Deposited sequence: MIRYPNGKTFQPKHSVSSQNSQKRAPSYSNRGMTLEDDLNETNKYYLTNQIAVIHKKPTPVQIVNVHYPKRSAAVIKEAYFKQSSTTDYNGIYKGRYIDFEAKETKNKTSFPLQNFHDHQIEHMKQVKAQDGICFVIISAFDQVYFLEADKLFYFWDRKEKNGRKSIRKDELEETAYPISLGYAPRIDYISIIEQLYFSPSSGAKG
């Protein structure tokens, strides 16, 4: 489970003073209390004076990543963060790998979704556009090292 792996990852980064990144709690309501969806991605925080923002999804699908794993609110939020020069992306656990997919690249797949029915990102499409994250003992999913590479030279 990616959520567990990221929680442990983010804990590791916190306790080692590498970054301060947290998952946002599930929005609920009043009174009982129902689940609301969010209008925002689940993960944000700070690395080296930069705003970091991402969503994380997994699939057991061996052939493609169903884009309905995201919703339009999340995508809208992402484009607003990009407009402010934020470091913004998704983490996809699929095909026995974990991928760092830049928000730009996600927007392309999202845009082309209904014109016509390309509703999935294929394994080969993902290998082509995303960066493999290094998996380890501690941290489990080393995405900060991808951020360091892409944004901090």
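Gaps in the model relative to the deposited sequence occur at 1-33, 66-78, 200-206, listed in sequence order.
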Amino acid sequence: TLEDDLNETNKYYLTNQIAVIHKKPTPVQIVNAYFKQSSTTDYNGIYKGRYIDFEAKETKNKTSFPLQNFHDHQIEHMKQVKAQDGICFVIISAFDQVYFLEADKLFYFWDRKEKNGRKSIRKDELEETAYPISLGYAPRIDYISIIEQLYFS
From here on, numbers count along this sequence of modelled residues.
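Stretches compared: 136-144, 20-28. Higher mean C-alpha B-factor in the entry: 20-28. The stretch with the higher mean CA B factor, choosing between 96-104 and 114-122, is 114-122.
Residue-level temperature factors show residue 2 in the middle third of its chain, judged at the C-alpha atom. Per the deposited record, the Cα B-factor of residue 65 falls in the middle third when ranked against the other modelled residues of its chain.
When the CA B factors of the chain's modelled residues are split into thirds, the value for residue 41 lands in the middle one.
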